[PDB]
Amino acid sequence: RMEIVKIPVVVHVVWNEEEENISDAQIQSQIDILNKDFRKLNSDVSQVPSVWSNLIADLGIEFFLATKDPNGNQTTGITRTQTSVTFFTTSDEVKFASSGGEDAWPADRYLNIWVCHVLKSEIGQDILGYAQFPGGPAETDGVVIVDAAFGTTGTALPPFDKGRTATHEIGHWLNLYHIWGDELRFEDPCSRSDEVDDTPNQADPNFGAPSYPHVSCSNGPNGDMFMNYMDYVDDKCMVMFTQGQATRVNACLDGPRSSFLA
């Protein structure tokens, strides 16, 4: 029997123009996706190649917008903060009210999700989201997602309109690594590991909508598990976690995030 871990979520919408102040329905549509993907209840799990069917995991995690704020008072679980900032970066400006964002709620009790309109890497590349792995500091724990990649209605735009950027980032929040191993440009692309045996060794990230099989690093004939949530493919193409990843998620829930256990 699976112990279902029920994670209270607070969504911090940080908005400059009015359209960035995304609707309650768009926020709720994202929570709905999380409660499918993290329970193996997404119908598009049928797209997994049959050779890997016995690897698809139910992570046993569910999510809900918080009903009590950190001091025990009634809440919608959504904060809405106007800002003059036009873009945020991986340096975590969105996570402090003093830098034009919104403070985190206590990370031992809530999953903080920040939503903003423009998000860039430190060297200026537009990105869809970023996570903080377990291990503190609490002040910046959580995930950040751009609004055009958040939810399945409202401002969400194809090909990132099925809610999977948040599934992916929450994968990181639960201590999952990119399936391809995050080699640096000068390293052998087959050399690093995501520390999961049942994810095939893989050269690089996959983007877009790859054709099965996509072989790399001598992993033929089945190829890359590019439909894993921890690849970089379009939302409609990533549909599964593996049991090997669930092992790491369970270790995270049992250790550094044990405060979320009942």
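In this text, residue numbers run from 1 along the sequence as written.
Per the PDB record, of the two stretches 206-214 and 226-234, 206-214 carries the greater mean B-factor over its C-alpha atoms. Relative to one another, 119-127 and 102-110 have unequal mean CA B-factors, and 119-127 is the one with the higher figure. Reading the B-factor column for the CA atoms of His168, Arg185, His178, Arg80 in the entry, the top value corresponds to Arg185. Between the residues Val146, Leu157, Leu174, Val94, it is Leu157 that shows the highest Cα B-factor in the PDB record.
When all modelled residues of the chain are sorted by CA temperature factor, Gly72 is found within the middle third.
Per-chain ranking of the deposited C-alpha B factor places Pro189 in the highest third. In the deposited entry, the Cα temperature factor of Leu59 places it in the middle third of its chain's modelled residues.
Among the modelled residues of its chain, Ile33 has a C-alpha B-factor that falls in the middle third according to the deposited record.
Compared with the other modelled residues of the chain, the Cα B-factor recorded for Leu65 ranks in the lowest third.
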